[PDB]
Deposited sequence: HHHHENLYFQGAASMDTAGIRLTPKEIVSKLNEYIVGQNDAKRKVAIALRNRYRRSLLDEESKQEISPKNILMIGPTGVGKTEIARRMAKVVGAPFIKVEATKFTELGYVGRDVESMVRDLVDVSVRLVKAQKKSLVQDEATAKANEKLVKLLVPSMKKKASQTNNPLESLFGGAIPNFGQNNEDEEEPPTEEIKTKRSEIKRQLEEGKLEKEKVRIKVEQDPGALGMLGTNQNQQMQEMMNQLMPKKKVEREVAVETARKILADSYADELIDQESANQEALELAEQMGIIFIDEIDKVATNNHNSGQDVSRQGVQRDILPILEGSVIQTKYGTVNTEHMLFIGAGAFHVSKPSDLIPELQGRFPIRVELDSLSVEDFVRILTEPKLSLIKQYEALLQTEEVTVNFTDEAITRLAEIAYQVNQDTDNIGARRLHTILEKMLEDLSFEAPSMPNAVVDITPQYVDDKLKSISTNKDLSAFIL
């Protein structure tokens, strides 16, 4: 019964994991809220309305996949992510639905437990996941601007509502929430087939990330990037401390290197962190119960000479 969450609560839940993107959090929340409102209606009306599918528009590294993935995680919905550019060949587009039933049974069994010890009725469990997927599932179709200007026609019956054959039974894709995402640098949403345009009533244009947005992505969300390296090096009994001046120095370098070559967004932070933490990671076992403080000087000693050379950056970080 996490479907009863009001939109304001979902925006608060999604703030614990995703920095900014307030505009994208509302439109994601009112799509879920419509699924709740649909169930409180009469049977002839509950079945003839269509979900408020979302069309996300923005570059990479802005966190439009986390907004959708965490969205299903908090409401307890089955989530799947498919790359639309894998279907361009000649295609079993319905595999995106059978994979949703495959992830729904694992979610239902996971919550059937905690409530090698199978004391749960597998039949009723599978038949609940079969219903949870078709009444609450979420399919994230990534890179959908690359099937626009053949593949959209096969995605259509899934959004239009069809009954797809799965190993556990038949599921109905009428009330599944669909999210399309892409950069739309060459094609526009108006270049999608008209049937797809009408079936994406909610559309959001996500914002770009500034150099001051990385320092939040780096420190703020629940289990951020540097929080991971703290707990990882804490396995080797090494306490790591990042001075705020050094976190800001990593954000200034990632944003700067995202400018010289090509912009990948917050994904740049992964290669930046591991590169600077290389000496610490290699020598961590032979350094027990130590306390290491990361200063901006130590950051520039390992990155500033590399981040200045553009030709080196395209390869090593």
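Asks: Unmodelled stretches of the deposited sequence, numbered from 1?
Replies: In the chain as deposited, 1 to 17, 108 to 111, 137 to 267, 302 to 313 carry no coordinates.
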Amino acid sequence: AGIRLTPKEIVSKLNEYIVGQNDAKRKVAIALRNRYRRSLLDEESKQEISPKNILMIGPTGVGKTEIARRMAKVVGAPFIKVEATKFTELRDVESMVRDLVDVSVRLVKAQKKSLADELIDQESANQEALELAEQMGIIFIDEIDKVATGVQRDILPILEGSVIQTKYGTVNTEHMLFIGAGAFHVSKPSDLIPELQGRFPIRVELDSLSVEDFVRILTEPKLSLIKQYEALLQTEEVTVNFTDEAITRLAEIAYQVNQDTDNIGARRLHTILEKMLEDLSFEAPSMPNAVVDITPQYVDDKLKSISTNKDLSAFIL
From here on, numbers count along this sequence of modelled residues.
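Asks: On mean Cα temperature factor in this entry, is 124 to 132 or 180 to 188 the higher one?
Replies: Of 180 to 188 and 124 to 132, the stretch with the higher C-alpha B-factor average is 124 to 132.
Asks: Compare the mean C-alpha B-factor of 137 to 145 with that of 81 to 89 as given in the PDB entry, and name the stretch with the higher value.
Replies: The deposited B-factors put 81 to 89 ahead on the C-alpha mean.
Asks: Compare the CA B factors listed in the entry for 107, 158, 196, 232 and report the winner.
Replies: Highest C-alpha B-factor among the listed residues goes to 232.
Asks: With respect to the C-alpha temperature factors reported in the PDB entry, which of 274, 43, 66, 279 ranks highest?
Replies: Among 274, 43, 66, 279, the highest C-alpha B-factor in the entry belongs to 43.
Asks: So where's residue 236 on the chain's Cα temperature factor ranking, which third?
Replies: Highest third of the chain for residue 236's C-alpha B-factor.
Asks: If you rank the chain by CA B-factor, which third does residue 152 end up in: lowest, middle or highest?
Replies: Ranked within chain, residue 152 CA B lands in the lowest tercile.
Asks: Name the third of the chain's ranked CA B-factors that contains residue 299, choosing lowest, middle or highest.
Replies: For residue 299, the deposited C-alpha B-factor lands in the highest third.
Asks: Relative to the other modelled residues of the same chain, rank the CA B-factor of residue 309 and answer lowest, middle or highest third.
Replies: According to the entry, residue 309 has a C-alpha B-factor in the chain's highest third.
Asks: Comparing residue 39 with the other modelled residues of its chain, is its CA B-factor in the lowest, middle or highest third?
Replies: Highest third of the chain for residue 39's C-alpha B-factor.
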